[PDB]
Structure formats: structure tokens, C-alpha cells
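Asks: I'm passing along final_35.json; it holds JSON, C-alpha atoms and all ligand atoms.
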[["chain", "number", "residue", "atom", "x", "y", "z"],
["D", 819, "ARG", "CA", 94.15, 94.02, 90.11],
["D", 820, "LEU", "CA", 91.21, 96.47, 90.10],
["D", 821, "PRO", "CA", 90.64, 98.61, 86.97],
["D", 822, "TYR", "CA", 91.70, 102.17, 86.14],
["D", 823, "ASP", "CA", 89.19, 104.03, 83.95],
["D", 824, "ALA", "CA", 91.40, 106.88, 82.68],
["D", 825, "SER", "CA", 88.54, 108.54, 80.75],
["D", 826, "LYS", "CA", 86.75, 109.30, 84.02],
["D", 827, "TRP", "CA", 89.70, 109.90, 86.36],
["D", 828, "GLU", "CA", 92.78, 111.16, 84.45],
["D", 829, "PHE", "CA", 93.79, 114.78, 84.98],
["D", 830, "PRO", "CA", 96.60, 116.71, 83.20],
["D", 831, "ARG", "CA", 99.73, 117.57, 85.19],
["D", 832, "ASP", "CA", 100.15, 121.15, 83.93],
["D", 833, "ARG", "CA", 96.63, 121.86, 85.18],
["D", 834, "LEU", "CA", 98.07, 121.71, 88.71],
["D", 835, "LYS", "CA", 100.06, 124.32, 90.63],
["D", 836, "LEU", "CA", 101.74, 122.65, 93.60],
["D", 837, "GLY", "CA", 101.75, 124.68, 96.83],
["D", 838, "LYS", "CA", 103.05, 123.91, 100.32],
["D", 839, "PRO", "CA", 103.77, 120.35, 101.57],
["D", 840, "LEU", "CA", 101.30, 118.95, 104.14],
["D", 847, "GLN", "CA", 104.77, 113.26, 100.09],
["D", 848, "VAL", "CA", 101.41, 115.07, 100.19],
["D", 849, "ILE", "CA", 101.14, 118.61, 98.77],
["D", 850, "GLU", "CA", 98.38, 121.22, 98.64],
["D", 851, "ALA", "CA", 97.69, 122.51, 95.11],
["D", 852, "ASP", "CA", 95.42, 124.48, 92.79],
["D", 853, "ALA", "CA", 93.53, 122.34, 90.30],
["D", 854, "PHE", "CA", 92.25, 124.11, 87.20],
["D", 855, "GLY", "CA", 89.14, 122.55, 85.71],
["D", 856, "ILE", "CA", 88.87, 119.45, 87.90],
["D", 857, "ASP", "CA", 85.13, 120.04, 88.53],
["D", 858, "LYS", "CA", 82.15, 121.11, 86.46],
["D", 859, "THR", "CA", 81.29, 123.61, 89.23],
["D", 860, "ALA", "CA", 84.50, 125.68, 89.51],
["D", 861, "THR", "CA", 87.32, 126.83, 87.24],
["D", 862, "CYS", "CA", 89.86, 126.87, 90.08],
["D", 863, "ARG", "CA", 89.71, 124.60, 93.14],
["D", 864, "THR", "CA", 92.11, 123.88, 96.02],
["D", 865, "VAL", "CA", 93.05, 120.20, 96.29],
["D", 866, "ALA", "CA", 95.42, 117.76, 98.00],
["D", 867, "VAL", "CA", 97.91, 115.79, 95.92],
["D", 868, "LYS", "CA", 99.72, 112.58, 96.91],
["D", 869, "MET", "CA", 102.92, 112.31, 94.91],
["D", 870, "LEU", "CA", 105.67, 109.74, 94.40],
["D", 871, "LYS", "CA", 109.16, 111.06, 95.14],
["D", 872, "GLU", "CA", 111.61, 111.00, 92.20],
["D", 873, "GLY", "CA", 113.23, 107.61, 91.47],
["D", 874, "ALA", "CA", 111.09, 105.61, 93.93],
["D", 875, "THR", "CA", 110.70, 101.80, 93.87],
["D", 876, "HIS", "CA", 108.58, 99.82, 91.38],
["D", 877, "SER", "CA", 106.49, 98.37, 94.23],
["D", 878, "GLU", "CA", 106.11, 101.83, 95.83],
["D", 879, "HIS", "CA", 104.50, 102.80, 92.52],
["D", 880, "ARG", "CA", 102.12, 99.81, 92.66],
["D", 881, "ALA", "CA", 101.34, 100.65, 96.30],
["D", 882, "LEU", "CA", 100.11, 104.16, 95.39],
["D", 883, "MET", "CA", 98.42, 102.73, 92.29],
["D", 884, "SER", "CA", 96.35, 100.33, 94.41],
["D", 885, "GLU", "CA", 95.49, 103.09, 96.88],
["D", 886, "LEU", "CA", 94.05, 104.97, 93.89],
["D", 887, "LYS", "CA", 92.23, 101.92, 92.51],
["D", 888, "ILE", "CA", 90.72, 101.16, 95.95],
["D", 889, "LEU", "CA", 89.42, 104.73, 96.14],
["D", 890, "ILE", "CA", 87.82, 104.34, 92.68],
["D", 891, "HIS", "CA", 86.33, 100.92, 93.48],
["D", 892, "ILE", "CA", 84.72, 101.87, 96.83],
["D", 893, "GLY", "CA", 82.93, 104.89, 95.32],
["D", 894, "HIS", "CA", 81.77, 108.12, 96.91],
["D", 895, "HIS", "CA", 80.97, 108.55, 100.58],
["D", 896, "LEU", "CA", 80.73, 111.87, 102.41],
["D", 897, "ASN", "CA", 82.85, 110.53, 105.28],
["D", 898, "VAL", "CA", 85.73, 108.99, 103.29],
["D", 899, "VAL", "CA", 88.16, 111.40, 101.65],
["D", 900, "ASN", "CA", 86.68, 112.12, 98.21],
["D", 901, "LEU", "CA", 88.84, 111.31, 95.18],
["D", 902, "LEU", "CA", 88.82, 113.95, 92.43],
["D", 903, "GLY", "CA", 91.34, 112.59, 89.91],
["D", 904, "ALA", "CA", 94.79, 111.18, 89.15],
["D", 905, "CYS", "CA", 97.87, 111.65, 86.99],
["D", 906, "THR", "CA", 98.91, 108.15, 85.95],
["D", 907, "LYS", "CA", 99.94, 108.42, 82.31],
["D", 908, "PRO", "CA", 103.61, 108.78, 81.35],
["D", 909, "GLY", "CA", 105.28, 112.21, 81.21],
["D", 910, "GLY", "CA", 105.49, 112.85, 84.97],
["D", 911, "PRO", "CA", 105.15, 111.41, 88.49],
["D", 912, "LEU", "CA", 102.15, 109.38, 89.63],
["D", 913, "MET", "CA", 99.73, 111.66, 91.49],
["D", 914, "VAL", "CA", 96.52, 110.94, 93.40],
["D", 915, "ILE", "CA", 94.17, 113.91, 93.87],
["D", 916, "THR", "CA", 91.55, 114.40, 96.59],
["D", 917, "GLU", "CA", 89.54, 117.28, 98.03],
["D", 918, "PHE", "CA", 91.29, 119.68, 100.39],
["D", 919, "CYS", "CA", 89.96, 119.52, 103.95],
["D", 920, "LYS", "CA", 90.54, 123.08, 105.18],
["D", 921, "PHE", "CA", 91.07, 122.26, 108.85],
["D", 922, "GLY", "CA", 93.46, 119.28, 108.62],
["D", 923, "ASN", "CA", 93.71, 116.27, 110.95],
["D", 924, "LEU", "CA", 91.17, 115.88, 113.78],
["D", 925, "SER", "CA", 93.67, 115.22, 116.59],
["D", 926, "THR", "CA", 95.40, 118.59, 116.15],
["D", 927, "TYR", "CA", 92.06, 120.42, 115.65],
["D", 928, "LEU", "CA", 90.56, 119.01, 118.86],
["D", 929, "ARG", "CA", 93.78, 120.01, 120.62],
["D", 930, "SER", "CA", 93.36, 123.64, 119.53],
["D", 931, "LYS", "CA", 89.79, 123.68, 120.91],
["D", 932, "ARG", "CA", 90.59, 122.87, 124.56],
["D", 933, "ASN", "CA", 89.88, 126.47, 125.66],
["D", 934, "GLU", "CA", 86.83, 126.65, 123.37],
["D", 935, "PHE", "CA", 84.58, 123.87, 124.71],
["D", 936, "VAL", "CA", 81.14, 123.87, 126.31],
["D", 937, "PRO", "CA", 78.95, 120.77, 126.73],
["D", 938, "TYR", "CA", 76.02, 122.65, 125.14],
["D", 939, "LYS", "CA", 74.91, 126.18, 124.18],
["D", 990, "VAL", "CA", 72.26, 128.54, 125.59],
["D", 991, "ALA", "CA", 71.30, 132.23, 125.17],
["D", 992, "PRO", "CA", 73.31, 134.28, 124.58],
["D", 993, "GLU", "CA", 74.84, 131.83, 122.08],
["D", 994, "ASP", "CA", 77.42, 134.32, 120.71],
["D", 995, "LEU", "CA", 79.29, 133.70, 123.96],
["D", 996, "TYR", "CA", 80.22, 130.28, 122.54],
["D", 997, "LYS", "CA", 80.79, 131.19, 118.86],
["D", 998, "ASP", "CA", 82.77, 128.40, 117.14],
["D", 999, "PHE", "CA", 82.94, 126.42, 120.39],
["D", 1000, "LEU", "CA", 82.95, 122.64, 120.39],
["D", 1001, "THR", "CA", 79.99, 120.99, 122.13],
["D", 1002, "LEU", "CA", 79.04, 117.41, 122.95],
["D", 1003, "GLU", "CA", 77.03, 117.47, 119.71],
["D", 1004, "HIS", "CA", 80.22, 118.10, 117.72],
["D", 1005, "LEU", "CA", 82.10, 115.29, 119.46],
["D", 1006, "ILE", "CA", 79.29, 112.72, 119.11],
["D", 1007, "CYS", "CA", 78.77, 113.97, 115.55],
["D", 1008, "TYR", "CA", 82.40, 113.37, 114.53],
["D", 1009, "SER", "CA", 82.08, 109.84, 115.96],
["D", 1010, "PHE", "CA", 78.80, 109.18, 114.14],
["D", 1011, "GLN", "CA", 80.32, 110.38, 110.85],
["D", 1012, "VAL", "CA", 83.45, 108.19, 111.15],
["D", 1013, "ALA", "CA", 81.23, 105.22, 112.04],
["D", 1014, "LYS", "CA", 79.07, 105.72, 108.94],
["D", 1015, "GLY", "CA", 82.24, 105.93, 106.84],
["D", 1016, "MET", "CA", 83.62, 102.78, 108.45],
["D", 1017, "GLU", "CA", 80.29, 100.93, 107.92],
["D", 1018, "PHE", "CA", 80.63, 101.97, 104.27],
["D", 1019, "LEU", "CA", 84.21, 100.64, 104.17],
["D", 1020, "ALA", "CA", 83.43, 97.43, 106.06],
["D", 1021, "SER", "CA", 80.55, 96.92, 103.60],
["D", 1022, "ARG", "CA", 83.08, 96.76, 100.75],
["D", 1023, "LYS", "CA", 85.53, 94.35, 102.43],
["D", 1024, "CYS", "CA", 87.95, 97.18, 103.28],
["D", 1025, "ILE", "CA", 90.13, 97.12, 106.37],
["D", 1026, "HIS", "CA", 91.66, 100.50, 107.27],
["D", 1027, "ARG", "CA", 94.14, 98.89, 109.71],
["D", 1028, "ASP", "CA", 95.36, 102.28, 111.04],
["D", 1029, "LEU", "CA", 92.18, 104.03, 112.18],
["D", 1030, "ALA", "CA", 93.14, 106.96, 114.44],
["D", 1031, "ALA", "CA", 92.33, 110.68, 114.86],
["D", 1032, "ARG", "CA", 95.53, 111.60, 112.96],
["D", 1033, "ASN", "CA", 93.84, 109.89, 109.97],
["D", 1034, "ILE", "CA", 90.60, 111.87, 110.21],
["D", 1035, "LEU", "CA", 90.42, 115.12, 108.24],
["D", 1036, "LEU", "CA", 88.05, 118.04, 108.92],
["D", 1037, "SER", "CA", 86.26, 120.16, 106.30],
["D", 1038, "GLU", "CA", 83.59, 122.89, 106.29],
["D", 1039, "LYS", "CA", 80.42, 122.54, 108.38],
["D", 1040, "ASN", "CA", 81.88, 119.87, 110.70],
["D", 1041, "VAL", "CA", 82.19, 117.20, 108.06],
["D", 1042, "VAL", "CA", 84.91, 114.64, 108.82],
["D", 1043, "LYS", "CA", 86.66, 112.34, 106.32],
["D", 1044, "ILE", "CA", 88.45, 109.04, 106.78],
["D", 1045, "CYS", "CA", 91.83, 108.92, 105.08],
["D", 1046, "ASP", "CA", 95.28, 107.36, 105.37],
["D", 1047, "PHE", "CA", 98.59, 109.24, 105.54],
["D", 1067, "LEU", "CA", 103.43, 104.86, 117.82],
["D", 1068, "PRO", "CA", 100.80, 102.81, 115.85],
["D", 1069, "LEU", "CA", 100.74, 100.03, 118.50],
["D", 1070, "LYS", "CA", 98.54, 102.26, 120.68],
["D", 1071, "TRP", "CA", 95.65, 101.74, 118.24],
["D", 1072, "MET", "CA", 96.23, 98.07, 117.47],
["D", 1073, "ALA", "CA", 93.90, 95.34, 118.73],
["D", 1074, "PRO", "CA", 95.43, 92.59, 120.97],
["D", 1075, "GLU", "CA", 95.12, 90.01, 118.16],
["D", 1076, "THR", "CA", 96.72, 92.45, 115.70],
["D", 1077, "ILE", "CA", 99.66, 92.80, 118.10],
["D", 1078, "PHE", "CA", 100.09, 89.14, 119.07],
["D", 1079, "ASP", "CA", 98.80, 87.29, 116.01],
["D", 1080, "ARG", "CA", 99.39, 89.96, 113.33],
["D", 1081, "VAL", "CA", 95.73, 89.62, 112.27],
["D", 1082, "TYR", "CA", 93.84, 92.50, 110.63],
["D", 1083, "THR", "CA", 90.06, 92.29, 110.41],
["D", 1084, "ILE", "CA", 86.93, 94.46, 110.34],
["D", 1085, "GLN", "CA", 86.68, 93.75, 114.09],
["D", 1086, "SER", "CA", 90.22, 94.99, 114.79],
["D", 1087, "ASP", "CA", 89.19, 98.20, 113.02],
["D", 1088, "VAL", "CA", 86.38, 98.34, 115.60],
["D", 1089, "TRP", "CA", 89.00, 98.21, 118.37],
["D", 1090, "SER", "CA", 90.83, 101.15, 116.78],
["D", 1091, "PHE", "CA", 87.54, 103.08, 116.51],
["D", 1092, "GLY", "CA", 87.20, 102.72, 120.28],
["D", 1093, "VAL", "CA", 90.65, 104.30, 120.64],
["D", 1094, "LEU", "CA", 89.56, 106.97, 118.18],
["D", 1095, "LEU", "CA", 86.48, 107.58, 120.35],
["D", 1096, "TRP", "CA", 88.79, 108.12, 123.30],
["D", 1097, "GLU", "CA", 90.77, 110.68, 121.28],
["D", 1098, "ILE", "CA", 87.60, 112.56, 120.31],
["D", 1099, "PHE", "CA", 86.26, 112.71, 123.89],
["D", 1100, "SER", "CA", 89.65, 113.69, 125.33],
["D", 1101, "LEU", "CA", 89.96, 116.53, 122.79],
["D", 1102, "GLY", "CA", 93.01, 115.22, 120.94],
["D", 1103, "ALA", "CA", 94.95, 113.66, 123.81],
["D", 1104, "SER", "CA", 97.56, 110.97, 123.19],
["D", 1105, "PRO", "CA", 96.09, 107.53, 124.11],
["D", 1106, "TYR", "CA", 97.51, 105.75, 127.18],
["D", 1107, "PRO", "CA", 98.90, 108.91, 128.85],
["D", 1108, "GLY", "CA", 102.18, 108.45, 130.74],
["D", 1109, "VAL", "CA", 102.37, 104.70, 130.02],
["D", 1110, "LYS", "CA", 105.58, 103.17, 128.60],
["D", 1111, "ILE", "CA", 104.87, 101.35, 125.33],
["D", 1112, "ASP", "CA", 106.92, 98.20, 125.89],
["D", 1113, "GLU", "CA", 106.18, 94.47, 126.25],
["D", 1114, "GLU", "CA", 104.60, 95.09, 129.67],
["D", 1115, "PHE", "CA", 102.06, 97.38, 127.96],
["D", 1116, "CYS", "CA", 101.12, 94.58, 125.54],
["D", 1117, "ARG", "CA", 100.69, 91.98, 128.30],
["D", 1118, "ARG", "CA", 98.19, 94.14, 130.21],
["D", 1119, "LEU", "CA", 96.21, 94.90, 127.03],
["D", 1120, "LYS", "CA", 95.86, 91.16, 126.35],
["D", 1121, "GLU", "CA", 94.85, 90.64, 130.00],
["D", 1122, "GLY", "CA", 92.02, 93.19, 129.90],
["D", 1123, "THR", "CA", 93.47, 96.47, 131.21],
["D", 1124, "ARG", "CA", 91.78, 99.47, 129.57],
["D", 1125, "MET", "CA", 92.18, 103.26, 129.47],
["D", 1126, "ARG", "CA", 90.19, 105.26, 132.02],
["D", 1127, "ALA", "CA", 87.39, 107.57, 130.83],
["D", 1128, "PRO", "CA", 88.61, 110.74, 129.10],
["D", 1129, "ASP", "CA", 87.75, 114.20, 130.52],
["D", 1130, "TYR", "CA", 85.07, 115.08, 127.93],
["D", 1131, "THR", "CA", 83.20, 111.77, 127.82],
["D", 1132, "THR", "CA", 79.59, 110.84, 128.52],
["D", 1133, "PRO", "CA", 78.94, 107.56, 130.43],
["D", 1134, "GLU", "CA", 77.35, 105.89, 127.36],
["D", 1135, "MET", "CA", 80.27, 106.98, 125.20],
["D", 1136, "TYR", "CA", 82.81, 105.43, 127.54],
["D", 1137, "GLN", "CA", 80.85, 102.17, 127.64],
["D", 1138, "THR", "CA", 80.89, 102.26, 123.81],
["D", 1139, "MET", "CA", 84.68, 102.53, 124.09],
["D", 1140, "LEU", "CA", 84.64, 99.54, 126.46],
["D", 1141, "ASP", "CA", 82.41, 97.61, 124.02],
["D", 1142, "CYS", "CA", 84.86, 98.28, 121.17],
["D", 1143, "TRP", "CA", 87.69, 97.06, 123.39],
["D", 1144, "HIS", "CA", 86.25, 93.60, 123.99],
["D", 1145, "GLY", "CA", 88.88, 90.84, 124.29],
["D", 1146, "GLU", "CA", 86.96, 88.56, 121.95],
["D", 1147, "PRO", "CA", 86.87, 90.18, 118.48],
["D", 1148, "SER", "CA", 83.48, 88.59, 117.73],
["D", 1149, "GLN", "CA", 81.98, 90.16, 120.88],
["D", 1150, "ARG", "CA", 82.83, 93.68, 119.70],
["D", 1151, "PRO", "CA", 79.96, 95.61, 118.09],
["D", 1152, "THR", "CA", 79.82, 95.86, 114.29],
["D", 1153, "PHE", "CA", 80.07, 99.22, 112.54],
["D", 1154, "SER", "CA", 76.34, 98.94, 111.67],
["D", 1155, "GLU", "CA", 75.57, 98.64, 115.38],
["D", 1156, "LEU", "CA", 77.85, 101.59, 116.22],
["D", 1157, "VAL", "CA", 76.13, 103.74, 113.57],
["D", 1158, "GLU", "CA", 72.75, 102.83, 115.08],
["D", 1159, "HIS", "CA", 73.88, 103.42, 118.70],
["D", 1160, "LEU", "CA", 75.70, 106.76, 118.17],
["D", 1161, "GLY", "CA", 72.82, 108.03, 116.05],
["D", 1162, "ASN", "CA", 70.61, 107.44, 119.10],
["D", 1163, "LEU", "CA", 73.17, 109.10, 121.37],
["D", 1164, "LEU", "CA", 73.29, 112.08, 119.00],
["D", 1165, "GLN", "CA", 69.47, 112.44, 119.06],
["D", 1166, "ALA", "CA", 69.24, 112.07, 122.86],
["D", 1167, "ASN", "CA", 71.91, 114.76, 123.24],
["D", 1168, "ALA", "CA", 70.08, 117.02, 120.78],
["D", 1169, "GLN", "CA", 66.75, 116.64, 122.59],
["D", 1170, "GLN", "CA", 68.48, 117.31, 125.93],
["D", 1171, "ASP", "CA", 70.05, 120.50, 124.46],
["D", 1172, "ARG", "CA", 66.67, 121.67, 123.16],
["D", 1173, "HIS", "CA", 65.39, 121.52, 126.75],
["D", 1174, "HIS", "CA", 68.58, 123.18, 128.03],
["D", 1175, "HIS", "CA", 68.18, 125.95, 125.45],
["D", 1176, "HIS", "CA", 64.42, 126.43, 125.94],
["D", 1177, "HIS", "CA", 64.50, 126.57, 129.77],
["D", 1178, "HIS", "CA", 67.33, 129.13, 130.00],
["D", 1201, "LIG", "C1", 95.81, 113.30, 98.50],
["D", 1201, "LIG", "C2", 95.36, 112.01, 99.20],
["D", 1201, "LIG", "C3", 95.22, 110.84, 98.45],
["D", 1201, "LIG", "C4", 94.82, 109.64, 99.05],
["D", 1201, "LIG", "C5", 94.56, 109.62, 100.42],
["D", 1201, "LIG", "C6", 94.12, 108.34, 101.17],
["D", 1201, "LIG", "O1", 93.52, 108.44, 102.24],
["D", 1201, "LIG", "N1", 94.44, 107.17, 100.61],
["D", 1201, "LIG", "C7", 94.08, 105.89, 101.23],
["D", 1201, "LIG", "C8", 92.61, 105.57, 101.01],
["D", 1201, "LIG", "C9", 92.11, 104.66, 102.13],
["D", 1201, "LIG", "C10", 91.51, 103.40, 101.51],
["D", 1201, "LIG", "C11", 90.27, 103.15, 102.36],
["D", 1201, "LIG", "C12", 89.72, 104.55, 102.57],
["D", 1201, "LIG", "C13", 90.98, 105.35, 102.91],
["D", 1201, "LIG", "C14", 94.71, 110.78, 101.17],
["D", 1201, "LIG", "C15", 95.10, 111.98, 100.57],
["D", 1201, "LIG", "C16", 95.25, 113.19, 101.48],
["D", 1201, "LIG", "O2", 96.25, 113.26, 102.20],
["D", 1201, "LIG", "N2", 94.29, 114.11, 101.44],
["D", 1201, "LIG", "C17", 94.30, 115.23, 102.19],
["D", 1201, "LIG", "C18", 95.36, 115.54, 103.05],
["D", 1201, "LIG", "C19", 95.31, 116.71, 103.80],
["D", 1201, "LIG", "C20", 94.20, 117.54, 103.68],
["D", 1201, "LIG", "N3", 94.14, 118.66, 104.39],
["D", 1201, "LIG", "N4", 93.19, 117.22, 102.85],
["D", 1201, "LIG", "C21", 93.22, 116.11, 102.12]]
Before anything else, please render the file you have as C-alpha cells.
Replies:
Amino acid sequence: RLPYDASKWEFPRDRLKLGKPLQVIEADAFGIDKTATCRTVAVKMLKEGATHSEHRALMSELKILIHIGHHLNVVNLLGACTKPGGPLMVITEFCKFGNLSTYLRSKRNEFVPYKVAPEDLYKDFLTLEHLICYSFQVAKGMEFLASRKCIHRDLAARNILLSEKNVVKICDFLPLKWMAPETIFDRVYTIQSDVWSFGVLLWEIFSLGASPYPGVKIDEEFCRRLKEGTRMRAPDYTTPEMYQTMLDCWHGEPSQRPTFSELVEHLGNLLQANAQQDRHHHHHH
């Protein structure tokens, strides 16, 4: 229902060289930017002979990306192949490091709460700044999306991609473990149910890529306890304020949950407090 401005977005198919799968494939785009002649990109592609409505599905995903516009923290669209002569393709930037869950998982043995001299001892280590930063960035991207009447409806670490210089992007590739009570029992999807999922995302970030609800069977007994107010315990890498933010996001009443604007504000403050603290840590030792 939204428009497709081909003049701005259309990109020729034989200007792409498809590489390895990631269906979504990595590829070289030739002449997609003003800045570079060759650029690495990610391409979302319809499989041969797929359904009419599967076409429209991918078409809308493209149109939504156009309509919302650019944000640093939502996977940046670069172009599309929509015209006849080949498969429908949607082209974004390539985030070098992949999904956040896996990346945090690889960093388990490379974590320190904060750095001091000699800093080269913790080269490429994750710190609390990184973890709070990733959360701040996703929140800003979600505030952006909520601002435009978007509802992600599957917000999770697996759907967060990591690029250079610790920049994270929101994208979309068992799901129940991220769903709000009302989404499970009423089949309702709102901005506020996205806030629930963000809380679960927070837990993933401050557990360094752990699977939510560890050990627990995901059956109808799981659902009952979620509706009744049972919550995950604090993850191993959390700060007290962070865990309370997770508890805030997991409020039983959707309207009692913080908004994304409030989360942006709060985590920004938590990021500054942590930074100040680290300055003292660094300066005293
Ligand atoms: C190529 C592509 C096209 C579209 C999307 C995508 O997220 N579509 C849904 C858009 C949602 C609508 C609201 C904001 C997110 C993701 C991709 C993608 O998978 N990008 C990607 C994948 C892996 C890596 N490493 N980098 C980029």
C-alpha cells in the first residue's frame, strides 16, 4: 500500500555478485554508493517459484524500510531489484560481525567490567560500557520505530546485527520466550509488547548471549507462570539498575511498562554514570 520510488531505490541485478548464504546472501555490489565502486552488502532473495503472497510479503518489508527512513540503529537499506527480468531482491548494508547473540557468546572469555592501565591487557574486550551501549542503541532504534507506528513483534538478540565501532542494527530474519503474556494469551501485538521483548533482549545482552529461561521446559506450565508474574533471575553480567529495567519491561500491565522514549532516557543516564565511574576507576589506578 506504501509507494515504491524506483528512481531512488532500483539497482541492476548484474551489478551484484552473490557470495555465501547467511534466503539471505552476502554479495558484492558494484556502484551502489557514491562513495565506493565496490561494496559488500547483504541481499534478501525470493526462492525460485515462490508464492504470490510471499512476493507481496517481501515487497512490503522493502516498502516499510523505505517509508521509515534512515536510522543508524535500524538496518540501513541500500537498494532493491524489483523490476522484471529476475528475482525480487532487497539490499542492505553488510554488518561484519553478524547477530549479537552469537557475538556476545564468543566474548565470554574476553570480558572485564571496565578497563585500566595497562589497557592493552583488555584489547577488544567487552566492558559494561559496551553492554549498556548496545542496549541504548537498540532503544533509540526502537523509539524511532515506535515513533512511526512500527511493531517489530520479534525483538531478540538474534535479530540484532553488529557492525564496525560497536554500532548495532535492528533487523528481522522458540519465539514464545520473547513474547509478552498478552501476545501469548490474547494474540495481541503492540508497541508495549515490543517493550516486553526488549526486556528479554536486555537479559540476553547482560548474560552475554545466553538462551532466555535456562533449563525451563517451554510448555503450558511455562505460560501460566509468566501470566502469574514469575520472572527470570538476574543474569551474570548485570548491574542492579539494569535488572530493574528488565523487571520494569516485564510488567504484567502493558500500560505500566516504560515507553521506548523513557528507556532511551534511562539507559542514556546509566551509560553516563558508568562512564563517569570508569573515568574514576581509570584515573585512580
Ligand atoms: C538483506 C536484508 C533485508 C531486509 C532485512 C530486514 O530486517 N527486514 C525487515 C525490516 C524490519 C521492519 C522494521 C525494521 C526492521 C534484513 C536484511 C539482512 O538480513 N541484512 C543483513 C543480514 C546479515 C548481515 N550480516 N548483515 C545484514
Asks: Name each residue within 9 Å of ligand LIG 1201 (chain D), counting all atoms listed in the file, as a ChimeraX atom specification.
Replies: /D:840,847-850,865-869,882,885-886,888-889,892,898-901,913-923,1015-1016,1019,1024-1026,1033,1035-1037,1043-1047
Asks: What's the separation between atom CA of residue D:851 and atom CA of residue D:864, in Å to one decimal place?
Replies: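 According to the coordinates, atom CA of residue D:851 and atom CA of residue D:864 are separated by 5.8 Å.
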Asks: Considering all atoms listed in the file, can you say which of D:1123, D:1085, D:861, D:1137 comes closest to residue D:1150?
Replies: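 Nearest candidate to residue D:1150 out of D:1123, D:1085, D:861, D:1137: D:1085.
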Asks: Taking only C-alpha atoms into account, which of D:1097, D:1075, D:1171, D:1158 comes nearest residue D:1144?
Replies: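 Ranked by minimum distance to residue D:1144, first place goes to D:1075.
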Asks: Select, from D:925, D:1131, D:884, D:1149, the residue with the minimum atom-to-atom distance to residue D:937, counting all atoms listed in the file.
Replies: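 When distances to residue D:937 are compared using all atoms listed in the file, the smallest one comes from D:1131.
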Asks: Which polymer residues have any atom within 9 Å of an atom of stretch 1076-1084 of chain D, counting only C-alpha atoms, with same-chain residues fewer than 5 positions away left out, as a list in words?
Replies: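 Near stretch 1076-1084 of chain D, the qualifying residues are residues 1020, 1023, 1024, 1025, 1026, 1027, 1069, 1116, 1120, 1147, 1152 and 1153 of chain D.
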Asks: Which residues come within 7 Å of residue D:852, counting only C-alpha atoms, excluding same-chain residues fewer than 2 positions away, as a PDB file with C-alpha atoms, in the frame of the given file?
Replies:
ATOM      1  CA  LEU D 834      98.070 121.710  88.710  1.00  0.00           C
ATOM      2  CA  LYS D 835     100.060 124.320  90.630  1.00  0.00           C
ATOM      3  CA  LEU D 836     101.740 122.650  93.600  1.00  0.00           C
ATOM      4  CA  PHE D 854      92.250 124.110  87.200  1.00  0.00           C
ATOM      5  CA  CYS D 862      89.860 126.870  90.080  1.00  0.00           C
ATOM      6  CA  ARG D 863      89.710 124.600  93.140  1.00  0.00           C
ATOM      7  CA  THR D 864      92.110 123.880  96.020  1.00  0.00           C
ATOM      8  CA  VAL D 865      93.050 120.200  96.290  1.00  0.00           C
TER       9      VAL D 865
END
Asks: What does the distance from atom CA of residue D:1139 to atom CA of residue D:1091 come to in Å, to one decimal?
Replies: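 Atom CA of residue D:1091 lies at a distance of 8.1 Å from atom CA of residue D:1139.
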Asks: Select, from D:1161, D:831, D:1005, D:1143, the residue with the minimum atom-to-atom distance to residue D:909, counting all atoms listed in the file.
Replies: D:831
Asks: Hey, can you check how far atom CA of residue D:1130 sits from atom CA of residue D:1156?
Replies: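 Rounded to one decimal, the two atoms are 19.3 Å apart.
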Asks: Using only C-alpha atoms, which residue out of D:1136, D:1172, D:905, D:1086 lies closest to residue D:822?
Replies: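 Of all the options, D:905 lies closest to residue D:822.
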Asks: Which of these residues is nearest to residue D:1165, using all atoms listed in the file: D:995, D:1031, D:856, D:1007?
Replies: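 When distances to residue D:1165 are compared using all atoms listed in the file, the smallest one comes from D:1007.
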Asks: If I put a ball of radius 10 Å at (77.6, 115.1, 103.5) in the file's coordinates, which residues poke into it when counting all atoms listed in the file, written as a VMD selection string?
Replies: chain D and resid 895 to 897 1011 1039 to 1043
Asks: Residues near residue D:1135, anyone? I mean within 10 Å using only C-alpha atoms, not counting same-chain ones fewer than 4 positions away, as number ranges by chain.
Replies: D: 1006, 1009, 1092, 1095-1096, 1099, 1127-1128, 1130-1131, 1139-1141, 1159-1160, 1163
Asks: Would you mind listing what lies within 7 Å of stretch 1103-1114 of chain D as an NGL selection string, with all atoms listed in the file counted and same-chain residues fewer than 4 positions away left out?
Replies: :D and (1070 or 1097 or 1118 or 1125)
Asks: Export C-alpha atoms of the chosen residues as an mmCIF file, in the coordinates of the input?
Replies:
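part13.cif, written as the output of this step:
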data_model
loop_
_atom_site.group_PDB
_atom_site.id
_atom_site.type_symbol
_atom_site.label_atom_id
_atom_site.label_comp_id
_atom_site.auth_asym_id
_atom_site.auth_seq_id
_atom_site.Cartn_x
_atom_site.Cartn_y
_atom_site.Cartn_z
ATOM 1 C CA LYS D 1070 98.540 102.260 120.680
ATOM 2 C CA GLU D 1097 90.770 110.680 121.280
ATOM 3 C CA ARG D 1118 98.190 94.140 130.210
ATOM 4 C CA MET D 1125 92.180 103.260 129.470
#
Asks: Kindly compute an axis-aligned box around the listed atoms of stretch 991-994 of chain D, allowing 4 Å on each side, and express its centre and edge lengths in Å to one decimal as JSON.
Replies:
{"center_x": 74.4, "center_y": 133.1, "center_z": 122.9, "size_x": 14.1, "size_y": 10.5, "size_z": 12.5}
Asks: Can you complete the atoms of stretch 1019-1028 of chain D to N, CA and C atoms and list them as a JSON list (two decimals), in the frame of the given file?
Replies:
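Contents of out_25.json, as written:
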[["chain", "number", "residue", "atom", "x", "y", "z"],
["D", 1019, "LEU", "N", 82.96, 101.33, 104.52],
["D", 1019, "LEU", "CA", 84.21, 100.64, 104.17],
["D", 1019, "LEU", "C", 84.15, 99.16, 104.49],
["D", 1020, "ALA", "N", 83.64, 98.82, 105.67],
["D", 1020, "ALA", "CA", 83.43, 97.43, 106.06],
["D", 1020, "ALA", "C", 82.50, 96.71, 105.09],
["D", 1021, "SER", "N", 81.48, 97.43, 104.61],
["D", 1021, "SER", "CA", 80.55, 96.92, 103.60],
["D", 1021, "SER", "C", 81.22, 96.45, 102.30],
["D", 1022, "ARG", "N", 82.39, 97.01, 102.00],
["D", 1022, "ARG", "CA", 83.08, 96.76, 100.75],
["D", 1022, "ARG", "C", 84.30, 95.86, 100.91],
["D", 1023, "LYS", "N", 84.42, 95.25, 102.09],
["D", 1023, "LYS", "CA", 85.53, 94.35, 102.43],
["D", 1023, "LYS", "C", 86.86, 95.08, 102.65],
["D", 1024, "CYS", "N", 86.78, 96.39, 102.92],
["D", 1024, "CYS", "CA", 87.95, 97.18, 103.28],
["D", 1024, "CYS", "C", 88.33, 97.00, 104.73],
["D", 1025, "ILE", "N", 89.62, 97.10, 105.01],
["D", 1025, "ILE", "CA", 90.13, 97.12, 106.37],
["D", 1025, "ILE", "C", 91.15, 98.24, 106.45],
["D", 1026, "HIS", "N", 90.80, 99.31, 107.16],
["D", 1026, "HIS", "CA", 91.66, 100.50, 107.27],
["D", 1026, "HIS", "C", 93.01, 100.17, 107.90],
["D", 1027, "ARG", "N", 92.96, 99.38, 108.98],
["D", 1027, "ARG", "CA", 94.14, 98.89, 109.71],
["D", 1027, "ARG", "C", 95.06, 99.93, 110.38],
["D", 1028, "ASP", "N", 94.67, 101.20, 110.32],
["D", 1028, "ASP", "CA", 95.36, 102.28, 111.04],
["D", 1028, "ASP", "C", 94.42, 103.43, 111.41]]
